[PDB]
Every structure is written in structure tokens, then in C-alpha cells.
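# Structural overview
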Amino acid sequence: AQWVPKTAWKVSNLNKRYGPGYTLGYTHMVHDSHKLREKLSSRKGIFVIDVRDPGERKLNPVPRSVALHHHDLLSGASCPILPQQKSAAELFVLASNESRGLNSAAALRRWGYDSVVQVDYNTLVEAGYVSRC
Amino acid sequence: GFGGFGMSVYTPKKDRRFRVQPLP
Amino acid sequence: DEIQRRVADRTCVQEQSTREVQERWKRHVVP
Amino acid sequence: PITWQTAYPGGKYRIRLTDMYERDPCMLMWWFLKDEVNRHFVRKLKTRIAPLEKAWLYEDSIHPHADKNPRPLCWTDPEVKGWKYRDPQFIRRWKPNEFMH
Amino acid sequence: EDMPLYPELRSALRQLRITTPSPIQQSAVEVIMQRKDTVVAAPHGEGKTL
Amino acid sequence: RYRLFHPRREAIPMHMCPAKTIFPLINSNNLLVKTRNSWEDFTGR
Amino acid sequence: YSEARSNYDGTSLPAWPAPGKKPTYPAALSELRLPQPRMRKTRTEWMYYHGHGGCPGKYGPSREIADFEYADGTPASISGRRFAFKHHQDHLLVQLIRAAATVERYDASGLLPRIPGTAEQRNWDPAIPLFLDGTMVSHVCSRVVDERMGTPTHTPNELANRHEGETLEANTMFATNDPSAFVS
Amino acid sequence: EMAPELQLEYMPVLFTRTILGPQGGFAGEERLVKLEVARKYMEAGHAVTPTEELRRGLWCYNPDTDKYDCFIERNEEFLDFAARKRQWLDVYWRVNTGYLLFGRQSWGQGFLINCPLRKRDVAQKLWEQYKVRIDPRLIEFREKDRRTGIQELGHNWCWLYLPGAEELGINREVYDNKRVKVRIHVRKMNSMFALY
Amino acid sequence: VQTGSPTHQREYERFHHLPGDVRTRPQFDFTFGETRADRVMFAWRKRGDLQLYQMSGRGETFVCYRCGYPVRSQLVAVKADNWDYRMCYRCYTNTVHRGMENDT
Amino acid sequence: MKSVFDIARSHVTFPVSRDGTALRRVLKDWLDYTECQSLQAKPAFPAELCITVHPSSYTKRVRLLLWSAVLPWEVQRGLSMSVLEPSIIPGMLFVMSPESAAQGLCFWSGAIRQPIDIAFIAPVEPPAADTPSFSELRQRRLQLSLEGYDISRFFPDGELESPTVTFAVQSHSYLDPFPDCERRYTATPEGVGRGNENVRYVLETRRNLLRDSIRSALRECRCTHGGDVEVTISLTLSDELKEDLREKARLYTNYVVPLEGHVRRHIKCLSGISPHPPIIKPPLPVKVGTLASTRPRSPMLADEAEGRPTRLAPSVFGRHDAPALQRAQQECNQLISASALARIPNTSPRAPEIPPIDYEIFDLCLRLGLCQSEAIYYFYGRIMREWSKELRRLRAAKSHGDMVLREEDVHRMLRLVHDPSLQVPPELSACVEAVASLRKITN
Amino acid sequence: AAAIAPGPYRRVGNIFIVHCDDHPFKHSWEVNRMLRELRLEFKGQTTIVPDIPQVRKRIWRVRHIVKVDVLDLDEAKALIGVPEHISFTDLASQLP
Amino acid sequence: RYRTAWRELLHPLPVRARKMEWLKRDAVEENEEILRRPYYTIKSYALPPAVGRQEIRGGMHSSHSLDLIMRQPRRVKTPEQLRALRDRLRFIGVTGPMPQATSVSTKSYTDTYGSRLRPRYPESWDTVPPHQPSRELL
Amino acid sequence: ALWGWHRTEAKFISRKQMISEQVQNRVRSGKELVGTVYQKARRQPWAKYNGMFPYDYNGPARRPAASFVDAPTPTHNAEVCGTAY
Ligand SMILES: Nc1ncnc2c1ncn2[C@@H]1O[C@H](COP(=O)(O)OP(=O)(O)OP(=O)(O)O)[C@@H](O)[C@H]1O
Ligand SMILES: [Zn+2]
């Protein structure tokens, strides 16, 4: 059958009274932590980018994630570090503020990575990706 | 180019040098 | 085809039997 | 228009191409040859007159220059140019190995 | 009313029976309130002092 | 046409003056500089 | 005898392919980021591609190869122009080296901002995404030229009076994230 | 989080009637407004002192009845919707208030320009001197300029289509909620600012 | 400018560098047959109340009623066939571009 | 057995413009026909696939029963939740719009039972007919044609009436079913016919149909190679299939366009959009001008009169002081300074009243391809916001230790998410899954 | 392959090869001052500069009289016959 | 179509000059697109340098011999090997003493022939030596 | 080449005009029977317009020719073709 384009769903962002950002519908930081362990044990790689403060990532030292800044991610200085397969690869953004998480997600979408999901440090601890202690 | 209004008109020497052929 | 379509549309006074018998013979001989 | 000046006052003769053709058809070709020559040689009377005498104009098709055996010079005009046309659509010929793999 | 003035200053304009800024009072008042060196020049009687 | 479009790297070709001219031993591990400082210090032919 | 020299070591890519195999051809259209208009490479672009400086005797073999050798093999002599050209090559080399070293020092110190461009470029280009967190005559001339270059146009006084310290806020209500609208 | 010396020049102000401008806001908005303009608003009657009861609920001006009979309860969704409507109205006001300035080269004193403009250049200068980010797809030239864009020298005007009109309900106060007319003045400038 | 003979370069091609109606072919050609008394060689389309004319010989200096300057040129714009009110070509092009050819 | 024409003849009576319940019933009956009826129950028609062999001719005719899919819901559905086989071979024909064929055609294996073979066919004319003269002939005959089907979208070259036109294949691909519903799942034309405007027909059929046909055709090819042989494929549609395609295109252009207009009007209504001596002289509407008055002073001035406001500008009727001007302003309810007139708009501060969301129509639009983009643009943000607020409420209740959402609506949205025939954005999918997990609601 | 590249990460800047294409003396004194800072005097001169914000600002000011090409550090190490285990700070410290 | 006809009538530049002006605007847009690039770029050791490149096709460009090396993988794949090459890397013109505890019998050329003396070099068009070592300093 | 009197009665015309003539030959077959002096004197082109169209200056409009790339290679290209009869 004919494939409805994925970009056809971007027209809802043009809604003025109900837009994504200008009462919030992120739904990424609140996802169930059960599927996170399954996706973990299936992928078993480095696909989590943490975008937060240096003091915060020192206080919560997630070893497997890669530390980046949202300004850097939007500028695109980390293109060779990115998985280079925009279709198959999926990314997990570890951010403190929902604002920074959404900005990093928008930067990844602009660079071509549509499969990006936000995850909190608490959700990561509850799932077992960080393996706190 | 083609001078406008304010620019004075100057008559140059006609190009008499030999020109190559305009092949298609 | 073009000339017959134009002449039919511009005449508008004819009988479809003559146009039908030829296409019927075509259906009977060609395929 | 084809215009020229004579020594008499107000003698600015102005004739049409039709007038010059009904007078003498060779005059038009000679005038255009003179123009094309003076385009590059106008300083020296020698360099602007001597070439013209090498042209042998003839109104009709007959000419007495059959002994010199003139070769039929071939020349291409700079106007020939093929503007882009629509790519014609045709059926593609496939291959058994292409259908196999 | 379009220029920002304090209410106690509004009463001073009413006490002086002032009702409309003269041309030199229209272009000079807004400049002084921006704290810039100004040379208020106008003929005599155009309300320069105020 | 005087509006040329080409990578200006081509305007300065480096194929003829590699690092072996500025540092003769840069291909090896030892590093040494043998350069011509200016055009005034010319002993002559 | 003769010298066939293209680079410093006289090496070049294989100019002739394998017998029967398809040969490789350069790019005929000029290096233009836009597909239109398709323009054939001029002779100066061809020289720049082959390695010259756009002139027959500006760079490349025609300038680096010697002109005469003695019959017994004794080479030529050094000329003033030869020494000047060698110094010019070394000057280009040291320019590149010092530029790279300055970039490395800036990177090590941290003076390379993550935000691309400059303030003027960010105020001038909408395609740039919005980021959200001795003598004194030389100095005064630099300040004057900065004041005259920066801020080419100003917001009209009806929207925001620049003297009253009023500046408009950036708005992204109708903007789009995809750069197709700005690149097409 | 402002500095105290800077905050001394501002005062918290609740807006009763929606006002457009760099020191404006929407009906039922709390903002740090400068002293002079805030005093002007409070004297005109468009502003109120932000008390706790007023932060809870406010009365606002009604355009249909021309009286402050519209009681409004400040809620999160109301604040979001009113902020979006204020953004739309501010974009419209910016693009419909003043001129746009273009400066390019033109050899001689001719009437047409050397290099005609395009939607990309229009959007660039819009973001530059209006601080409004829009995509070039919303800029639609005139019937004569659909071919080569803005080419004349002097004064021209283009159409800019704003999609978000009927969702927020602006068709009453605005002249035309569908589109807006951007007046663009093109001139000859010096080399450094002409650049073409 | 004059860069050729009238056989190749027409007389109305001298002002080809100036912008406006001269870059088009004139409608009337009085250069053939008898010569006019005022030595006018071409006349363009009558735009509203203004019509352009090209003289022959050295430029006759006239006074444009729009700018007020004495103008020496071969191009003259006559208003409503009244040869007392003339216009230089520059004022003519500006009047047309503004759309004042019917009013002025 | 059941026919789209019978469905339309039944829906003739339903008054759509007067009752929204009637439009909802129309959409429900269309969804019923689309998802509750079998592809074998839907009518088919025969067509012949010919294969000519050029040696260096042999013809191979195959009987094909083709189901015609021209409607948007049928096209977006395809061979989803349907089987081809429960001498003649089944198949499906898809007709694309010219605007959609201009872009890269992309098909996907959506909820198919058997692996499918896809062939991108297009109408081609002999070079003697591809001259621009016959092109202008066809354009004139189509612009003069009185048929119902839209020429700009349906058959812009006239491949149904022209005798010399042949439907030839230009690209070949295969679609494999996903492991959940039963190795590439995406099909796109490649090589000849890639990104062309004439490649507008898609033939889906049994996997390796062309492979088996070429195997059966290459009989003398073995000895021809033993002692460089090309193959060409074409399609011939029978007269009944031509008539079916024409009638379906006509029914589309005469039924769905008013239906699409009514759906858009209903969506706007659900979103809340409804179609519609003094000292100071206030603005007045402009006076209607006569012929000579509306005639500009110059044909070049005829362009400036394009953009003119329909209202005059306000003014004052004398020279007065500031208090007099302010009193005149407050008495006439009109401001003089254009700056203030622009900065102070008479705007209703209240938010527009909006009736609740209609998940049923939101699902119907997505499942029937009718005004899909409009329905998304008008309801996706609202649905996401309401579901996220409900999720926040449920998480607050969970952390602590009647509801706005209806259980039927939650079930419908869960069906929409878990339906493999459609692709839902990951945001909405995960949101609905989390809300269902928190509310303990399944299926 | 679809995973983020592991291992230690290094920064790689850029350098600008700027070639003048129009007569600078024809323009005003400010653009001429900027080109003089960029070390360009006549038409047809090519220079090499870092990618610092100052140079970026200068090139943004004179972007209509010069054409610029970008070369990263690895691209420069490939263009000039210098191994990869040798940085540029040492080369700058070694040159006289 | 009076307005567009008059516009087509008057033009300040001919067609070729307008073509060159469009080429100038294209060069300016290319300069701006080039300046819009970021400052640095985070790269990895093992992966080739030409993996993060953002970008008239099917032909060989002048940078073919360079993009070959850019596409081939890197040699030094770890900071361990990097420092194992650096600690062996040595300078000569460095101002100051140099380690000699490796071999005692070897003497550097500076210590052997002083500083004001250099070996005689073959001076020809092919190879040029540095001149005036006294002027070589400061 | 002209077959009749005026330049508009050209011996070679476009296919659209040719189809127009073909349909007129059948729709108006009655007016062909009689030749009246009225029509004879009306046919005289002494009053018909003869002006230079834009194509009379720019040449006939360029249009692509029917390509025959699909034609097989001539197997007897060296042989000479004979007369018709
Ligand atoms: N806005 C106003 N409306 C009416 N009267 C005014 C206004 N402003 C000032 N005046 C009157 O004008 C008078 C003269 O003002 P002022 O002294 O400023 O004039 P001046 O220009 O300073 O004269 P001079 O230059 O001779 O000193 C004052 O007495 C004052 O009452
Ligand atoms: Zn004048």
C-alpha cells in the first residue's frame, strides 16, 4: 500500500492555539521504564547522550552515556560522533530540564534523527541502565 | 555596459581587431 | 480517432449502428 | 536603408533595399562585402579595395568561370542550435538475469 | 499627557495655566528626560524657559 | 567569464612544496627546521 | 634530459587504466553548490584544477622545474627569483602552520564558542538556529570601524525607540525547523 | 532574577487591556515595565497594581461593550493562549507598522535594480530589522513580480500570509486576518551595505 | 552613440543606452521619401498626451516645461501635438514611470 | 458483490449539510465497507499481461483479475488485512495523482498476509504519436471533453481512449510482510521511470509473478543463447476494466470533493470556527465608484489600485488644543494618533469557546484518508495535551496512593494505536500506551 | 554501526584560505582596513587565517570581496606531508 | 501588461552583465553558507576524518588524492600509541639542553662544529639551502 | 508553396488545421456543390491582411522531431533502394 509520509504529521506543529512550544504534551520523560530494560538488553551499546550541567553530571556520573551540550548538538560539531545512520539508529537524551531535553530533541530532528526519546536519570536508575551502585 | 542619464556619453574607438568565428 | 470524434461532435445527427458494427467486427477479428 | 552623400548640397541619397535590388542585385552583395571588409580594413585604400576585386558576382546561375573549376564551398551558419526538447518516453527492455536477481 | 510627567508636576502646569506644549516645548522635553546635552534654541516668547 | 567558481585551495597548490621542504626530516621522527627566513639574506649565486 | 614532475616526489595517480576497463574523467561543470546554471569549466578553472595558478608560469612544473642542465649533468645555479619563490613557498607554509597553531591554542584555552559565527552574523542570518542558554589611535579607529560596520540597519523608532533603550524581542512563531525553506 | 539597580527602574504591572509594543502585554499578564510607560498605562487605565486578588482574577476591557465588565480568572491555559495571541498580534503589528529597508547596487541611475530580490532576502531583512523569524514560503509577491521578484527601485509592497487567524479569533480587530501588506523601500547605498 | 552606418545601426539605436521607449522600434518612419521641414526621422506611440520625436542634425536646444532646463538633444516629447510645450527624454521617462503622461 | 456505486446510490438520500449525524453515518458506512468487507467480496475485473521477447516475436498472455483502487481510503489501505488467494491470477491496481507521482512514489508493506510483487507501470506512446502535435491534440480534446472525471488529476494524457497507448512497466520491486502480521518493506521506482510524472500506475500481485512468467516464456531462449535476448512487458486492460476505472474516477470527483468540503466544515465547527457638529470624523466605508471614477488615470496606475483599504481615514474638523482633542476622542470613541490606534486593538480577551474533542471523527479521518492533514492539524495537539494532563493526574494519584476521558474513547484510541495498517507517531503511541497502562485499560 | 562512536574524543578546528577577487582600493576605507587586517592588499592575493571569532567577523564584513575555503586540521595534515602523530603547536614553536 | 512590458523595456545592465551579477550573488551566498559552519568538530580516533562531512557529481575533483586519505581509516587509533610516538619524537632547534643518557659516544653536530658553522650545501636550482645563519636568529 | 491565391492557402499546413479541413469537408459538404460569382469575387485576397508576424522575424517556432531510436539497425544500409515502380 501507499506509504503516508512521516512529514505529513508535522502539520500539527503549525497549530497556533495548540502548538508544541510557544499544557505540555512531551510524554517522553514519563514513558514506562519497563520497555527501557528490554531495549537496553537488546541494543547493548552507546546510544544515550546526556545534555546537562557539568556539576550535575558529576553528581550523577552515568558512565555509559556520552556527555554533550545542547548548543554543540545544535551547531552540529558532533556529526561524526552521531551514529551516522539516521534511519535505523535511535537515541536517548538524558536531560534535567524538559526545556533542554526538547531543545536537544529538536536539534537532533533538524540534523535528521527522528527516533529520539527523552529519559530522566531517575527512570534510568529504576530501569538499570546506569547501574548506580 | 549602457550608461544611464547622469553619466556623460563617450564615443570609443571601434574594435577593429580580428575576431574568431562563433561556432555552434 | 481525432477526426471522427470531432466530426461526430460537430454533426450530432447520425446513427450509432454504423459506428458499432465496425467495432464489433474489430472485436470479432482482432482478438 | 542605404544612404550616401554626394558633393552637391543637400545630396543625401537614401534608397531602400528594394530599390537597390530592382536597380542591380549585385550592388547589394557588393555593398555588404564592402561593409564586411571595411570592418577590419578601412585605413589603407589598398587593403580596403584590393580584396573586393577578388569577388566574382553573378546575378543568374550562368558564369564564364568554368575553366578555373570553382569548388563548391561549404559553410555552416552560427545560428544552428538545438533548444532542449522533452525527453521522449519509450518502453524499457529488461533482462533475464536482472529479473532473476 | 503623552509625555511622562509626575502628578505633582501636572499641578504645576495647571497653576501656571498651561494647557498645550509650544513647538520648542514639544521637541526639547523628551530629549532632556533622556539625560543628553541639549541646546534648546528658539525665538523669543516661544516658551523656552518652561 | 570573470566570475570563477572553484575551491580557492587550487589557487595555492601545495603539491610542489610539502612539509619535507620546511622540515627536511619531518618524514622521520627527528624534527628540524631548515627555512629561508626572508629574501634579503641571499649570499648570491 | 627531461623532467616529468607534477609533485615534489614525481609521483602521480595511474594515468592509464587497465586494458579494457572504463577510464575516469574529471568534472566538466564548475564547482558550484547550485545545480543551475550548468556551466562548462573555463580554461582558467582547468588550470586551477590541474595545479597551475591560472597562468602558465605562476606555479606548478613550468615554474619549479629547471630550464637548463649542462651536458655533463651539472645542474643550474640559484637565482634571486628562485630564492624569492622558495621564500614565498615557505611563507605560505608558515602562515598555515601558525594559523593551525593559533586554532589549537584557542581550542586548548576554551576561546572557541560553541555558538557558530558572531553576533552580527546571528543578527543578520535567519538560517542560523536560535541558541538559548602603546598608542590609542589604533584602538579608537578599531572602535569607530566596528561601530560603522556593525548594526547596518536599525529597528524603526515607531516599533522600538533605540534612544529610550527599547529593543524588540525575537519571535519564532512562524519559523520552521527544517532548512529547506532557506536552502531551496 | 534581575539586578536590584536594574529592577529599581522597573515595577511589576498587571495588564488589563491587551497592549502591543515592546513594553506591552496581553490582558491579565504580569510584567516588569519601566517607570514612565508603566505610569502612563496606570494613568490611562490599562494597568493595575499586581495584588494577590488581582493575580487570582482580573476585570478586563470588552471591545463589544466598551466597558470593564469582562471578569477573567488567570489560569495556565489562559496565560498560554493569551501569550500566543499576543505573539501573533505583535508579529502582525511589526510587519504592518513601518517600512522595510533594502539597500543594493544599481549601475547608473536606472529604475530597475541590478540584482532582483527574492523571498530569501525579504525574510533575511525581516529577521534583521524586525526580529521576526518566518520561512520564505509565506512571502507571496505581486502579480507582476511573480516572475522576477522585486526589481523596481523606490517603493514596493509584498503580501505575507499568516496562517494562525481563525484558531485564535483575531478577525474582528484586525483589518484582514488572512494576509498582511509589507511595504519595502529599496534604495542605492554605499558599497559596504549594498554588497551586490 | 554612433558605432556604424545607417544600413546596420538605425538612427533610433543611438539612444539605446538610455532606458525607456527608445529601446523599442518606432512606429512612424519619415526617413524615406520626402524629408520633413523640421527634420524628424521617427515618432513613437502616442502615450496619453505625450509623443516622442527624434530630430536630425545637431541637437536643437529647447526648454522642457517639466524640469525648466534648456536641453540639447534629438529626443523631444510633444504634449498633445502642441509644439510650444516640449519635454526632455529624462522627464518623459520619469513622467511615464510615475504614470503622469495623461495628466501632465 | 457490494459495490462503491451501490454505496453512493444508498448515501444519495443522506442530508449531509443539515445533520452532522448523517455525515458521521456516511463515514461509518465507508469505514464498514473498507475494513469489514473482504477483498474477494469486493468486485474485480480481468486484464491481460503480455510479454514480448526480442531475439538477437514471442507473446505470453496471462489472465489477471485486478481490483481497482482509486479512492483515497482504498489507496491508503491497499492489501492490508486481506488475502489474494483464499489459471487466473489476482492483483491490485493503484492510480496515483500527478502531483503525488511527481514526488518519489513510496509504497510500504502494511499489514499484508502474503509477500507481494509490485510493478510500476506507466502509459507510453509510440514515437510517431509522441510528437508535440499529437500532445496538443490530446490536450485540446481533454480540455474540450465533457466527462465527469477531473482531467488534471485523472488521466491527463488520455490513456483510456487512445488506441496506441500501452501500459508498460518501468520498475520492479517486492514487499515482504512484517513478522507480526503474515527482506525489504519499502518499494520505490528505480532506474527508468524514477521520479517521473507519467509513472502513475502500480500493479501489486503474487510474489515472483514476473519471474514465473519469464521462466515459462524462455523456452526457445535456451537454444537461442546456446547458438543476448531482451524481454518487454506490457498490460492491456479490458473494456470492462476501462469502464470501471472511468466510473470510479467520476464517482470520486463528483462525490468525495463535496464530502471533503463537508468534512472540513464539520472539523471547523468542532474547532469553533464558524463562517460569517462632531469634532472628530471617524473612519467610514469607501464609496462605490462609477466606471470613470474607478478607471485609473493611467494604464500603469491601473496596478496601484489593486491594494486599497475599504475604509477611509479618520480626521479632525478644526484646530484645537490638547484637552479639546482628548475630550473629542473620549466622546467620539475614536483615537487620533495612528501609533496609539495601532498599539491598542479592541480585542476580546476571553478565549474562544471550543466543544470537546471527537475521537471518533479523529479516527475516521485517519482510517479513511479523508482530510487527514486537516484533522491532524486541528486535533493532534488537543488530544496530546488532554492525554498528557490525564497522565499527570493518574501519576499524581499513583504517587499519593469522575474522569474526563471516556472508556470508549480510550478503547478507540488504543485500537488506533495498535492498528498495524496505520503508522502513528511515537509520541502519541507511547502516550496512549502509558495512559492505558496507568488506567488499567486494554483493547 | 548504528551506535555512537566510542573512545576518547578530540577537537578539530578549521582554517580559512581567503582569496581576494575584487579591487579593494575601489571600496571605502573601512573595508580596506578590514582586508588589511586580513592581510590582503591587491586583487588576486590569497592568505591563510585561523577560524577564530575575530577572523570570522572580518570575513563576514568583507564577504563580498573575497572567497573563502575551509580546511579542518586533519584536512591540512593531509594536504601537507606531516604525519598524524605531530601536532601544529610544536611546529610553530620550532619555526624561527 | 503595461507594467511588466515597461519593466522589460528598461534595464540598467545587459544580459551578460546580469548573468555576472547573478554569479556574484551566488558567490556571496556561498561565502555566507561557508561562514555559517561551526567552529570546531568533535571527532573520534579510530573512525576516518571524513565521516562527519556535511556534503556536478560522478566526476573526479581536484581534491581526489586528498579525499582518498580522508576516507581511509586513521593510523594512530589510541592515545597510548599517540604518546608512544610523541615521547620518541624529538626536536633539534629547541632552545635548551637535550637528553644524552642514551649513548655517550654520540655528539650532536652543534657541539661538534660549534654554532656559527654549517656544512657546505649543494647550491643549485633543484635545492636551496638557508643562507646567513647569523641573520637566521631574531 | 501556395496551391491557391493567397499565402494563407498554403500547400502544407499543420495537423490541427488539416483535421479542421477534414471535418469541414463532411460537415459542410453542401456548399461545395455550387460555385457562385459572389464567392468567386469574395475569394480574391486583395483585401486580406498580409503582415509580418513575430515568427516571420524569429523563424518558425522550434519543435522537436519524431525520434526513431527504437528503430532496429539497418541490416541493408549499404544496399541501394530501388524506385517505387
Ligand atoms: N505651552 C505654553 N502655552 C502657553 N503659554 C506658554 C507656554 N509655554 C510658555 N508660555 C508663556 O510664554 C512666556 C514666555 O516664555 P519664555 O520666557 O520661555 O520665552 P523665552 O523664549 O525664554 O523669551 P526670551 O528669549 O526673551 O527670554 C511665559 O510667560 C509663559 O507664560
Ligand atoms: Zn525635463
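Rules behind the numbers
Residues numbered from 1 in each chain as written, not as in the entry; some residues may be left out. Chains lettered and ligands numbered in written order. Part of a larger assembly, values for the part shown. Heavy atoms only, no water. Pairing = 2+ DSSP bridges. Helix = DSSP H or I, 4+ residues; strand = E, 2+ residues; numbered from the N terminus. Contact = heavy atoms within 4.5 Å. Axes fitted to C-alpha atoms, helices over the stretch in contact; angles between N-to-C directions. Disulfide = S-S within 2.5 Å. Buried < 20%, exposed > 50% of the residue type's maximum accessible area, 1.4 Å probe, protein only. Parallel < 35°, antiparallel > 145°, perpendicular 65-115°, else oblique. Nonpolar A, V, L, I, M, F, W, Y, C, P; charged D, E, K, R; others polar. Donors = N, O, S within 2.8 Å, 3.2 Å for Na, K, Ca; no water. Tetrahedral: all angles 85-135°; square planar, octahedral: opposite > 155°, others 65-115°. Near = heavy atom within 4 Å. Polar contact = N/O pair within 3.5 Å; in protein donor to acceptor, adjacent residues only side chain to side chain. Areas by Shrake-Rupley, 256 points an atom, 1.4 Å probe, with all protein chains shown as cover. Right-handed = clockwise from strand over helix to strand, strands pointing away.

In the PDB header, cryo-EM is given as the technique by which the entry was determined, and 3.9 Å as its resolution.

## Quick look at the sheet that holds strand 10 (residues 179-188) of chain H
Residues and elements named next belong to chain H. Taken in spatial order, the four strands make up an open sheet running 6-10-9-8, and their pairing is mixed. Looking at strand neighbours, the two that pair on one side only are strand 6 (100-104) and strand 8 (139-140), the edges of this open sheet. Relative to strand 9 (residues 154-161), strand 8 runs antiparallel, the two sharing two bridges. Note that in strand 9 the partner of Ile139 across the bridge is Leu160. Lying over the sheet, helix 4 (residues 76-97) contacts strand 9 and strand 10, oriented at roughly 40° with respect to strand 10.

## Notes on the state of the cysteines
All names here are of chain H. Evaluated as defined, the whole model comprises zero disulfides over all chains. Sulfur of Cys60: no disulfide; nearest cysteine sulfur belongs to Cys70 and is 5.5 Å away. Taking relative accessible area as the criterion, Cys60 reaches 0% and is therefore assigned buried.

## Describing the packing of helix 5 (residues 132-144) of chain J against helix 1 (residues 15-27) of chain M
Each pair of packed helices gets described by two things: the angle between the helix axes and the distance between those axes. Two numbers describe how helix 5 of chain J lies on helix 1 of chain M: the axes approach to 10 Å, and their chain directions differ by 55°. Comparing their axes, helix 1 of chain M and helix 5 of chain J come out oblique. Across the interface between the two elements, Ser133, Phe134, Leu137 and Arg140 of chain J from helix 5 of chain J touch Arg15, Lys16 and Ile19 of chain M from helix 1 of chain M. For the contact of helix 5 of chain J with helix 1 of chain M, the per-class residue count stands at three nonpolar, one polar and three charged.

## Quick word on the coordination of the zinc ion (ligand 2)
For a metal with four donors in a tetrahedral arrangement, the ideal angle between donors is 109.5 degrees, while six donors in an octahedron ideally sit at 90 or 180 degrees. Residues and elements named next belong to chain I. Protein coordination at the zinc ion (ligand 2): the donors are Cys64 (SG), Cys67 (SG), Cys88 (SG) and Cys91 (SG), at 2.3 Å from the metal. For the zinc ion (ligand 2), the four donor atoms in the first shell make angles of 105 to 113° at the metal, so the coordination geometry reads as tetrahedral. The sequence motif formed by the donor residues of the zinc ion (ligand 2) is C-x2-C-x20-C-x2-C. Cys88 gets classed as buried once you look at its relative accessible area, which sits at 7%. Owing to a relative accessible area of 5%, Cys91 belongs among the buried residues under this scheme.

## Examining the site of ligand 1
Residue and element names in this part refer to chain E. All residues adjacent to ligand 1 are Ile18, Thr20, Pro21, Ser22, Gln25, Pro43, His44, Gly45, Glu46, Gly47, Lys48 and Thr49. Within the contact set of ligand 1, an oxygen atom lies 2.4 Å away from a backbone nitrogen or oxygen of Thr49. When isolated, ligand 1 has an accessible area of 660 Å², and the protein chains bury 52% of it. A breakdown of the residues in the shell around ligand 1 according to their chemical character gives three nonpolar, seven polar and two charged.

## A closer look at the sheet that holds strand 1 (residues 48-51) of chain A
Picture the strands of a sheet paired through backbone hydrogen bonds; they go either parallel or antiparallel. Residue and element names in this part refer to chain A. Taken together, the four strands give an open sheet; going across it, the order is 2-1-3-4, and neighbouring strands pair in parallel fashion. Each edge of the open sheet is held by one strand with a lone partner, namely strand 2 (66-67) and strand 4 (116-119). Two elements, strand 1 and strand 3 (residues 91-95), share four bridges in a ladder whose sense is parallel. Looking across to strand 3, one finds that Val48 is bridged to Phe92.

## Some points on the pairing of strand 1 of chain A
All names here are of chain A. Side chains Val48 and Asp50 of strand 1 all project onto a buried face; the interleaved residues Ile49 and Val51 project onto the opposite face, where all are buried too. As paired elements, strand 1 and strand 2 share two bridges and run parallel to each other. Residue pairing in the sheet places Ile49 in a bridge with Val66 of strand 2. Chirality of the crossover, the property in question, places the unit of strand 1, helix 2 (residues 54-59) and strand 2 among those that are right-handed.

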